[PDB]
$ cat start.txt   # compact mmCIF, N, CA and C atoms and all ligand atoms
# COMPACT_ATOMS: atom_id res chain seq x y z
N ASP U 3 16.31 42.39 30.93
CA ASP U 3 17.25 41.26 30.75
C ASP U 3 18.09 41.48 29.50
N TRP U 4 18.96 40.51 29.24
CA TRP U 4 19.65 40.35 27.95
C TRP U 4 18.67 40.30 26.78
N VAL U 5 17.50 39.70 27.01
CA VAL U 5 16.48 39.50 25.96
C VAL U 5 16.26 40.75 25.11
N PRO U 6 16.68 40.70 23.83
CA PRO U 6 16.56 41.89 22.99
C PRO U 6 15.13 42.14 22.53
N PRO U 7 14.78 43.41 22.27
CA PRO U 7 13.41 43.82 21.94
C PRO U 7 12.81 43.17 20.68
N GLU U 8 13.66 42.66 19.79
CA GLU U 8 13.21 42.07 18.52
C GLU U 8 12.61 40.68 18.74
N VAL U 9 12.82 40.11 19.92
CA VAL U 9 12.23 38.83 20.26
C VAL U 9 10.77 39.00 20.61
N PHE U 10 10.44 40.10 21.26
CA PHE U 10 9.08 40.30 21.74
C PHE U 10 8.05 40.41 20.60
N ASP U 11 8.43 41.00 19.48
CA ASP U 11 7.62 40.84 18.27
C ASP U 11 7.64 39.51 17.51
N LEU U 12 8.81 38.88 17.53
CA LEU U 12 8.96 37.50 17.09
C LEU U 12 7.96 36.59 17.82
N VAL U 13 7.86 36.74 19.14
CA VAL U 13 6.97 35.92 19.96
C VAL U 13 5.52 36.43 20.07
N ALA U 14 5.23 37.64 19.63
CA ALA U 14 3.98 38.29 20.04
C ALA U 14 2.72 37.43 19.84
N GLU U 15 2.55 36.89 18.65
CA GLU U 15 1.34 36.13 18.31
C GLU U 15 1.26 34.84 19.07
N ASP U 16 2.37 34.12 19.10
CA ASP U 16 2.44 32.94 19.91
C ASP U 16 2.13 33.23 21.36
N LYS U 17 2.60 34.35 21.90
CA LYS U 17 2.32 34.68 23.29
C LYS U 17 0.82 34.78 23.51
N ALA U 18 0.17 35.56 22.65
CA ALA U 18 -1.27 35.85 22.75
C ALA U 18 -2.07 34.56 22.69
N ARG U 19 -1.70 33.69 21.76
CA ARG U 19 -2.40 32.41 21.55
C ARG U 19 -2.19 31.47 22.71
N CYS U 20 -0.95 31.36 23.16
CA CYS U 20 -0.64 30.52 24.31
C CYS U 20 -1.35 30.98 25.58
N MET U 21 -1.39 32.29 25.84
CA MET U 21 -2.05 32.79 27.03
C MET U 21 -3.55 32.52 26.92
N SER U 22 -4.09 32.73 25.73
CA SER U 22 -5.49 32.47 25.49
C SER U 22 -5.85 30.98 25.68
N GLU U 23 -5.07 30.08 25.08
CA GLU U 23 -5.30 28.63 25.20
C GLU U 23 -5.31 28.12 26.62
N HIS U 24 -4.54 28.78 27.50
CA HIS U 24 -4.16 28.20 28.78
C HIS U 24 -4.71 28.95 30.00
N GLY U 25 -5.36 30.07 29.73
CA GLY U 25 -5.89 30.92 30.74
C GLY U 25 -4.82 31.69 31.51
N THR U 26 -3.69 31.97 30.85
CA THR U 26 -2.53 32.59 31.49
C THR U 26 -2.71 34.08 31.63
N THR U 27 -2.33 34.63 32.80
CA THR U 27 -2.27 36.10 33.01
C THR U 27 -0.82 36.59 32.95
N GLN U 28 -0.64 37.86 32.60
CA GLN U 28 0.69 38.50 32.69
C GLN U 28 1.27 38.43 34.11
N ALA U 29 0.40 38.64 35.12
CA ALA U 29 0.80 38.53 36.55
C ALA U 29 1.52 37.22 36.85
N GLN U 30 1.05 36.13 36.24
CA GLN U 30 1.67 34.82 36.46
C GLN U 30 3.02 34.74 35.79
N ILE U 31 3.14 35.33 34.61
CA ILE U 31 4.43 35.35 33.89
C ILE U 31 5.44 36.18 34.72
N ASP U 32 4.97 37.30 35.25
CA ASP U 32 5.78 38.17 36.11
C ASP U 32 6.32 37.41 37.32
N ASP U 33 5.47 36.60 37.93
CA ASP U 33 5.89 35.82 39.08
C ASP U 33 6.98 34.83 38.77
N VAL U 34 6.88 34.16 37.63
CA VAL U 34 7.88 33.16 37.30
C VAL U 34 9.20 33.89 37.14
N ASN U 35 9.14 35.08 36.54
CA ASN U 35 10.34 35.89 36.33
C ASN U 35 10.93 36.42 37.64
N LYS U 36 10.09 36.72 38.63
CA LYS U 36 10.63 37.08 39.94
C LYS U 36 10.87 35.88 40.88
N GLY U 37 10.88 34.66 40.32
CA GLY U 37 11.31 33.47 41.05
C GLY U 37 10.18 32.57 41.53
N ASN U 38 8.97 33.09 41.58
CA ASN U 38 7.87 32.38 42.18
C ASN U 38 7.17 31.47 41.13
N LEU U 39 7.40 30.16 41.20
CA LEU U 39 6.70 29.18 40.33
C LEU U 39 5.94 28.12 41.11
N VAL U 40 4.66 27.98 40.78
CA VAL U 40 3.81 26.88 41.28
C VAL U 40 3.40 25.97 40.12
N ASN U 41 2.89 24.79 40.47
CA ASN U 41 2.54 23.76 39.52
C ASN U 41 1.06 24.04 39.20
N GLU U 42 0.81 25.13 38.46
CA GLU U 42 -0.50 25.49 37.98
C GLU U 42 -0.45 25.40 36.44
N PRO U 43 -1.36 24.61 35.80
CA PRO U 43 -1.39 24.43 34.33
C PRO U 43 -1.51 25.73 33.55
N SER U 44 -2.24 26.70 34.07
CA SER U 44 -2.34 27.98 33.40
C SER U 44 -0.95 28.62 33.15
N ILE U 45 0.04 28.35 33.99
CA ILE U 45 1.41 28.90 33.76
C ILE U 45 2.38 27.86 33.18
N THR U 46 2.30 26.63 33.67
CA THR U 46 3.20 25.58 33.22
C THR U 46 2.93 25.16 31.77
N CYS U 47 1.65 25.12 31.38
CA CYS U 47 1.27 24.77 30.02
C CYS U 47 1.54 25.94 29.11
N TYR U 48 1.48 27.16 29.66
CA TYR U 48 1.95 28.35 28.93
C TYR U 48 3.44 28.25 28.53
N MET U 49 4.29 27.88 29.45
CA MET U 49 5.71 27.76 29.13
C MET U 49 5.97 26.63 28.10
N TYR U 50 5.32 25.49 28.27
CA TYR U 50 5.41 24.44 27.29
C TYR U 50 4.96 24.94 25.92
N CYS U 51 3.81 25.62 25.89
CA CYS U 51 3.26 26.18 24.65
C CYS U 51 4.27 27.06 23.89
N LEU U 52 4.89 27.97 24.63
CA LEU U 52 5.83 28.94 24.07
C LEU U 52 7.15 28.29 23.60
N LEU U 53 7.68 27.38 24.41
CA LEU U 53 8.82 26.54 24.04
C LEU U 53 8.56 25.74 22.74
N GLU U 54 7.38 25.12 22.67
CA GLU U 54 6.96 24.41 21.48
C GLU U 54 6.94 25.34 20.28
N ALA U 55 6.34 26.51 20.44
CA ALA U 55 6.17 27.46 19.33
C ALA U 55 7.50 27.81 18.64
N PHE U 56 8.59 27.72 19.39
CA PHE U 56 9.90 28.09 18.90
C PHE U 56 10.75 26.88 18.76
N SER U 57 10.09 25.73 18.65
CA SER U 57 10.75 24.44 18.40
C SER U 57 11.86 24.10 19.38
N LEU U 58 11.65 24.49 20.64
CA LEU U 58 12.62 24.25 21.71
C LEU U 58 12.38 22.91 22.40
N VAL U 59 11.15 22.42 22.25
CA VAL U 59 10.77 21.12 22.78
C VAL U 59 9.88 20.36 21.81
N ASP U 60 9.85 19.04 21.97
CA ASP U 60 9.04 18.14 21.15
C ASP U 60 7.69 17.87 21.80
N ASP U 61 6.99 16.86 21.18
CA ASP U 61 5.62 16.55 21.56
C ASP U 61 5.55 15.91 22.94
N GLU U 62 6.69 15.41 23.40
CA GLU U 62 6.83 14.96 24.79
C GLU U 62 7.74 15.84 25.68
N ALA U 63 7.91 17.11 25.29
CA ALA U 63 8.68 18.08 26.08
C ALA U 63 10.10 17.64 26.27
N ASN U 64 10.66 16.97 25.27
CA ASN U 64 12.09 16.81 25.24
C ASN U 64 12.68 18.07 24.62
N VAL U 65 13.70 18.61 25.31
CA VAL U 65 14.30 19.89 24.96
C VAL U 65 15.32 19.73 23.86
N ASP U 66 15.16 20.52 22.79
CA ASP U 66 16.21 20.62 21.77
C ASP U 66 17.27 21.63 22.25
N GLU U 67 18.28 21.09 22.89
CA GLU U 67 19.27 21.89 23.62
C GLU U 67 20.13 22.76 22.70
N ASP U 68 20.33 22.30 21.47
CA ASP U 68 21.07 23.08 20.47
C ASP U 68 20.31 24.34 20.08
N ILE U 69 19.04 24.18 19.70
CA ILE U 69 18.18 25.32 19.41
C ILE U 69 18.10 26.23 20.64
N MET U 70 17.87 25.63 21.81
CA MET U 70 17.79 26.39 23.05
C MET U 70 19.06 27.23 23.27
N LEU U 71 20.22 26.61 23.14
CA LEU U 71 21.50 27.33 23.29
C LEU U 71 21.71 28.42 22.24
N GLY U 72 21.27 28.16 21.01
CA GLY U 72 21.43 29.11 19.90
C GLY U 72 20.54 30.35 19.97
N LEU U 73 19.58 30.37 20.89
CA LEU U 73 18.71 31.53 21.09
C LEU U 73 19.16 32.36 22.31
N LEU U 74 20.31 32.03 22.88
CA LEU U 74 20.82 32.72 24.06
C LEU U 74 22.07 33.52 23.70
N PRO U 75 22.38 34.58 24.49
CA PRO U 75 23.64 35.30 24.30
C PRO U 75 24.82 34.44 24.71
N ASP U 76 25.92 34.50 23.94
CA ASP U 76 27.09 33.63 24.19
C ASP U 76 27.64 33.77 25.63
N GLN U 77 27.37 34.94 26.20
CA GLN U 77 27.56 35.22 27.60
C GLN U 77 26.94 34.12 28.48
N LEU U 78 25.63 33.89 28.30
CA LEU U 78 24.91 32.86 29.05
C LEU U 78 25.16 31.43 28.60
N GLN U 79 25.46 31.23 27.31
CA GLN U 79 25.48 29.87 26.74
C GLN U 79 26.24 28.86 27.60
N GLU U 80 27.38 29.31 28.13
CA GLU U 80 28.20 28.56 29.07
C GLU U 80 27.39 28.15 30.30
N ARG U 81 26.82 29.15 30.97
CA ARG U 81 26.08 28.92 32.20
C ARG U 81 24.79 28.14 31.94
N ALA U 82 24.20 28.32 30.75
CA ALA U 82 23.01 27.59 30.33
C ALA U 82 23.35 26.12 30.12
N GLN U 83 24.38 25.85 29.32
CA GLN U 83 24.86 24.48 29.13
C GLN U 83 25.10 23.75 30.44
N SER U 84 25.66 24.47 31.40
CA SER U 84 25.91 23.92 32.72
C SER U 84 24.57 23.49 33.34
N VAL U 85 23.61 24.41 33.34
CA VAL U 85 22.30 24.16 33.94
C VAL U 85 21.52 23.05 33.23
N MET U 86 21.64 22.96 31.91
CA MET U 86 20.98 21.90 31.16
C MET U 86 21.65 20.56 31.45
N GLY U 87 22.96 20.59 31.69
CA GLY U 87 23.66 19.39 32.12
C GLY U 87 22.93 18.75 33.28
N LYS U 88 22.71 19.55 34.32
CA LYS U 88 22.01 19.10 35.52
C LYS U 88 20.55 18.75 35.24
N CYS U 89 19.83 19.68 34.61
CA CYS U 89 18.34 19.64 34.57
C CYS U 89 17.69 18.92 33.39
N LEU U 90 18.49 18.44 32.45
CA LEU U 90 18.00 17.64 31.33
C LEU U 90 18.52 16.22 31.46
N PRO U 91 17.74 15.23 31.02
CA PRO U 91 16.43 15.32 30.36
C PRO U 91 15.25 15.71 31.26
N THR U 92 14.18 16.17 30.62
CA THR U 92 12.96 16.46 31.33
C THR U 92 12.27 15.16 31.81
N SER U 93 11.54 15.31 32.91
CA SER U 93 10.73 14.25 33.48
C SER U 93 9.53 14.92 34.16
N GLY U 94 8.43 14.18 34.25
CA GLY U 94 7.15 14.72 34.65
C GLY U 94 6.00 13.84 34.21
N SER U 95 4.79 14.21 34.62
CA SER U 95 3.56 13.43 34.41
C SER U 95 2.88 13.79 33.09
N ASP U 96 3.29 14.91 32.52
CA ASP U 96 2.72 15.41 31.29
C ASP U 96 3.64 16.54 30.84
N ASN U 97 3.32 17.14 29.71
CA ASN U 97 4.20 18.11 29.10
C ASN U 97 4.31 19.36 29.92
N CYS U 98 3.20 19.78 30.52
CA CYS U 98 3.17 20.92 31.41
C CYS U 98 4.02 20.69 32.66
N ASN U 99 3.80 19.55 33.30
CA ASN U 99 4.58 19.17 34.47
C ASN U 99 6.08 19.03 34.22
N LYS U 100 6.43 18.59 33.02
CA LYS U 100 7.83 18.43 32.65
C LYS U 100 8.54 19.77 32.63
N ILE U 101 7.86 20.78 32.12
CA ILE U 101 8.41 22.11 32.01
C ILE U 101 8.41 22.80 33.41
N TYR U 102 7.35 22.59 34.21
CA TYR U 102 7.43 22.97 35.62
C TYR U 102 8.76 22.44 36.26
N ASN U 103 9.00 21.13 36.17
CA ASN U 103 10.19 20.54 36.76
C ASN U 103 11.49 21.19 36.25
N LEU U 104 11.51 21.54 34.98
CA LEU U 104 12.68 22.08 34.36
C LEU U 104 12.90 23.50 34.85
N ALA U 105 11.83 24.30 34.81
CA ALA U 105 11.89 25.69 35.28
C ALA U 105 12.40 25.76 36.74
N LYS U 106 11.91 24.84 37.56
CA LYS U 106 12.24 24.79 38.97
C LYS U 106 13.72 24.42 39.20
N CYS U 107 14.17 23.42 38.45
CA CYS U 107 15.54 22.97 38.47
C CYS U 107 16.49 24.11 38.03
N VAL U 108 16.13 24.81 36.95
CA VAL U 108 16.95 25.90 36.47
C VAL U 108 16.94 27.05 37.48
N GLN U 109 15.76 27.41 37.98
CA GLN U 109 15.63 28.53 38.93
C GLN U 109 16.46 28.33 40.21
N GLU U 110 16.47 27.11 40.73
CA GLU U 110 17.26 26.81 41.91
C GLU U 110 18.73 26.93 41.58
N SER U 111 19.11 26.44 40.40
CA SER U 111 20.52 26.32 40.02
C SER U 111 21.09 27.59 39.40
N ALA U 112 20.34 28.19 38.48
CA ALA U 112 20.73 29.45 37.82
C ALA U 112 19.54 30.41 37.76
N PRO U 113 19.50 31.39 38.69
CA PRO U 113 18.57 32.54 38.73
C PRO U 113 18.62 33.47 37.51
N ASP U 114 19.81 33.68 36.95
CA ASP U 114 19.96 34.47 35.72
C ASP U 114 19.29 33.85 34.47
N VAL U 115 19.07 32.54 34.44
CA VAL U 115 18.85 31.81 33.18
C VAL U 115 17.39 31.57 32.75
N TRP U 116 16.49 31.28 33.69
CA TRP U 116 15.12 30.90 33.30
C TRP U 116 14.16 32.09 33.26
N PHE U 117 14.10 32.75 32.11
CA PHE U 117 13.21 33.89 31.92
C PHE U 117 12.00 33.42 31.14
N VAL U 118 10.87 34.06 31.36
CA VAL U 118 9.69 33.72 30.60
C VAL U 118 9.11 34.95 29.94
N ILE U 119 8.87 34.85 28.63
CA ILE U 119 8.29 35.94 27.86
C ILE U 119 6.77 35.92 27.90
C1 LIG U 201 15.47 29.09 28.98
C2 LIG U 201 14.10 29.54 29.41
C3 LIG U 201 13.04 29.07 28.42
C4 LIG U 201 11.65 29.26 29.00
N1 LIG U 201 11.30 30.62 28.64
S1 LIG U 201 10.22 30.86 27.62
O1 LIG U 201 9.40 29.70 27.55
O2 LIG U 201 9.41 31.97 28.00
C5 LIG U 201 10.89 31.18 26.23
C6 LIG U 201 12.00 32.00 26.21
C7 LIG U 201 12.61 32.30 25.00
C8 LIG U 201 12.08 31.78 23.83
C9 LIG U 201 10.96 30.96 23.86
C10 LIG U 201 10.36 30.66 25.07

$ encode --input "start.txt" --output "structure tokens" --more "lines below"
Ligand SMILES: CCCCNS(=O)(=O)c1ccccc1
Amino acid sequence: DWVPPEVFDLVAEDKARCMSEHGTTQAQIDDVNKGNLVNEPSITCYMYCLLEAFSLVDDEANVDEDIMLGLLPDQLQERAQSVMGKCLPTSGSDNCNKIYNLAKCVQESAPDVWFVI
């Protein structure tokens, strides 16, 4: 992807901790990236965890859209803003479910945009 290699070390520790906390496998992360998302806490709570770690969402999974936009290439920022227009605010039964709903909304609307590290 566009995702530059310097992010993967930026995220490394948070990734390990989030996967550990949530019972997440790499296989599940791979699936979300190839389009396949289910409402399983091991993956949905992983995405919430990682978003939180980078201050992209609050304690109720409200998305900080400015921070979110500022971590994207200006190439995408346009298309991202468009997708957040549609898919924000978040809604759901809990923080994990809220991010499931968001991922799903983005994936349907913009395939290029919802990547998971
Ligand atoms: C727009 C898609 C956000 C969800 N992806 S992510 O949670 O893996 C993530 C990506 C980049 C930084 C932090 C978390």

$ residues_around --input "start.txt" --residues "residue U:21" --least-positions-apart "4" --cutoff "8 Å" --atoms "only N, CA and C atoms" --output "list in words"
residues 15, 16, 17, 25, 26, 27, 28, 44, 47, 48, 51 and 52 of chain U

$ residues_near_ligand --input "start.txt" --ligand "ligand LIG 201 (chain U)" --cutoff "7 Å" --atoms "only C-alpha atoms and all ligand atoms" --output "PyMOL selection string"
chain U and resi 49-50+52-53+56+70+115-119

$ atom_distance --input "start.txt" --atom1 "atom CA of residue U:3" --atom2 "atom CA of residue U:97"
26.6 Å

$ closest_residue --input "start.txt" --among "U:9, U:104, U:29, U:78" --to "residue U:64" --atoms "only C-alpha atoms"
U:104

$ atom_distance --input "start.txt" --atom1 "atom CA of residue U:88" --atom2 "atom CA of residue U:107"
8.1 Å

$ atom_distance --input "start.txt" --atom1 "atom C of residue U:95" --atom2 "atom C of residue U:62"
9.1 Å

$ closest_residue --input "start.txt" --among "U:65, U:59, U:112, U:72" --to "residue U:85" --atoms "all atoms listed in the file"
U:112

$ residues_around --input "start.txt" --residues "residue U:69" --least-positions-apart "3" --cutoff "8 Å" --atoms "only C-alpha atoms" --output "PyMOL selection string"
chain U and resi 57-58+66+72-73

$ select_by_dssp --input "start.txt" --residues "stretch 8-110 of chain U" --states "alpha helix (DSSP H)" --output "ChimeraX atom specification"
/U:8-24,28-35,43-55,67-72,76-89,97-110

$ residues_near_point --input "start.txt" --point "(7.1, 30.2, 34.8)" --cutoff "7 Å" --atoms "all atoms listed in the file" --output "PyMOL selection string"
chain U and resi 30-31+33-35+38-40+45-46+49+105+117-118

$ axis_aligned_box --input "start.txt" --around "stretch 61-65 of chain U" --padding-each-side "3 Å" --output "lines of an AutoDock Vina configuration file"
center_x = 10.4
center_y = 17.4
center_z = 23.7
size_x = 15.8
size_y = 10.9
size_z = 11.1

$ build_atoms --input "start.txt" --residues "stretch 99-116 of chain U" --atoms "N, CA, C and O atoms" --output "PDB file, in the frame of the given file"
ATOM      1  N   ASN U  99       3.800  19.550  33.300  1.00  0.00           N
ATOM      2  CA  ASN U  99       4.580  19.170  34.470  1.00  0.00           C
ATOM      3  C   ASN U  99       6.080  19.030  34.220  1.00  0.00           C
ATOM      4  O   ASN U  99       6.897  19.340  35.091  1.00  0.00           O
ATOM      5  N   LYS U 100       6.430  18.590  33.020  1.00  0.00           N
ATOM      6  CA  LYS U 100       7.830  18.430  32.650  1.00  0.00           C
ATOM      7  C   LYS U 100       8.540  19.770  32.630  1.00  0.00           C
ATOM      8  O   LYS U 100       9.673  19.891  33.079  1.00  0.00           O
ATOM      9  N   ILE U 101       7.860  20.780  32.120  1.00  0.00           N
ATOM     10  CA  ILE U 101       8.410  22.110  32.010  1.00  0.00           C
ATOM     11  C   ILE U 101       8.410  22.800  33.410  1.00  0.00           C
ATOM     12  O   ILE U 101       9.373  23.495  33.768  1.00  0.00           O
ATOM     13  N   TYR U 102       7.350  22.590  34.210  1.00  0.00           N
ATOM     14  CA  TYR U 102       7.430  22.970  35.620  1.00  0.00           C
ATOM     15  C   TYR U 102       8.760  22.440  36.260  1.00  0.00           C
ATOM     16  O   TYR U 102       9.541  23.225  36.802  1.00  0.00           O
ATOM     17  N   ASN U 103       9.000  21.130  36.170  1.00  0.00           N
ATOM     18  CA  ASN U 103      10.190  20.540  36.760  1.00  0.00           C
ATOM     19  C   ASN U 103      11.490  21.190  36.250  1.00  0.00           C
ATOM     20  O   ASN U 103      12.446  21.378  37.007  1.00  0.00           O
ATOM     21  N   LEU U 104      11.510  21.540  34.980  1.00  0.00           N
ATOM     22  CA  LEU U 104      12.680  22.080  34.360  1.00  0.00           C
ATOM     23  C   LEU U 104      12.900  23.500  34.850  1.00  0.00           C
ATOM     24  O   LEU U 104      14.030  23.846  35.288  1.00  0.00           O
ATOM     25  N   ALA U 105      11.830  24.300  34.810  1.00  0.00           N
ATOM     26  CA  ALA U 105      11.890  25.690  35.280  1.00  0.00           C
ATOM     27  C   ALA U 105      12.400  25.760  36.740  1.00  0.00           C
ATOM     28  O   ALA U 105      13.253  26.619  37.090  1.00  0.00           O
ATOM     29  N   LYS U 106      11.910  24.840  37.560  1.00  0.00           N
ATOM     30  CA  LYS U 106      12.240  24.790  38.970  1.00  0.00           C
ATOM     31  C   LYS U 106      13.720  24.420  39.200  1.00  0.00           C
ATOM     32  O   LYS U 106      14.427  25.006  40.022  1.00  0.00           O
ATOM     33  N   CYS U 107      14.170  23.420  38.450  1.00  0.00           N
ATOM     34  CA  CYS U 107      15.540  22.970  38.470  1.00  0.00           C
ATOM     35  C   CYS U 107      16.490  24.110  38.030  1.00  0.00           C
ATOM     36  O   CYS U 107      17.501  24.374  38.668  1.00  0.00           O
ATOM     37  N   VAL U 108      16.130  24.810  36.950  1.00  0.00           N
ATOM     38  CA  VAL U 108      16.950  25.900  36.470  1.00  0.00           C
ATOM     39  C   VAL U 108      16.940  27.050  37.480  1.00  0.00           C
ATOM     40  O   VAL U 108      18.002  27.589  37.799  1.00  0.00           O
ATOM     41  N   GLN U 109      15.760  27.410  37.980  1.00  0.00           N
ATOM     42  CA  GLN U 109      15.630  28.530  38.930  1.00  0.00           C
ATOM     43  C   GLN U 109      16.460  28.330  40.210  1.00  0.00           C
ATOM     44  O   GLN U 109      17.074  29.271  40.701  1.00  0.00           O
ATOM     45  N   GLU U 110      16.470  27.110  40.730  1.00  0.00           N
ATOM     46  CA  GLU U 110      17.260  26.810  41.910  1.00  0.00           C
ATOM     47  C   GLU U 110      18.730  26.930  41.580  1.00  0.00           C
ATOM     48  O   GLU U 110      19.502  27.478  42.354  1.00  0.00           O
ATOM     49  N   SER U 111      19.110  26.440  40.400  1.00  0.00           N
ATOM     50  CA  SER U 111      20.520  26.320  40.020  1.00  0.00           C
ATOM     51  C   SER U 111      21.090  27.590  39.400  1.00  0.00           C
ATOM     52  O   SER U 111      22.185  27.999  39.743  1.00  0.00           O
ATOM     53  N   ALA U 112      20.340  28.190  38.480  1.00  0.00           N
ATOM     54  CA  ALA U 112      20.730  29.450  37.820  1.00  0.00           C
ATOM     55  C   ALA U 112      19.540  30.410  37.760  1.00  0.00           C
ATOM     56  O   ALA U 112      18.631  30.252  36.928  1.00  0.00           O
ATOM     57  N   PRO U 113      19.500  31.390  38.690  1.00  0.00           N
ATOM     58  CA  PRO U 113      18.570  32.540  38.730  1.00  0.00           C
ATOM     59  C   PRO U 113      18.620  33.470  37.510  1.00  0.00           C
ATOM     60  O   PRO U 113      17.594  34.024  37.123  1.00  0.00           O
ATOM     61  N   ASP U 114      19.810  33.680  36.950  1.00  0.00           N
ATOM     62  CA  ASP U 114      19.960  34.470  35.720  1.00  0.00           C
ATOM     63  C   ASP U 114      19.290  33.850  34.470  1.00  0.00           C
ATOM     64  O   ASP U 114      18.954  34.582  33.533  1.00  0.00           O
ATOM     65  N   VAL U 115      19.070  32.540  34.440  1.00  0.00           N
ATOM     66  CA  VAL U 115      18.850  31.810  33.180  1.00  0.00           C
ATOM     67  C   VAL U 115      17.390  31.570  32.750  1.00  0.00           C
ATOM     68  O   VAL U 115      17.075  31.610  31.555  1.00  0.00           O
ATOM     69  N   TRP U 116      16.490  31.280  33.690  1.00  0.00           N
ATOM     70  CA  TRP U 116      15.120  30.900  33.300  1.00  0.00           C
ATOM     71  C   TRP U 116      14.160  32.090  33.260  1.00  0.00           C
ATOM     72  O   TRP U 116      13.486  32.392  34.249  1.00  0.00           O
TER      73      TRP U 116
END
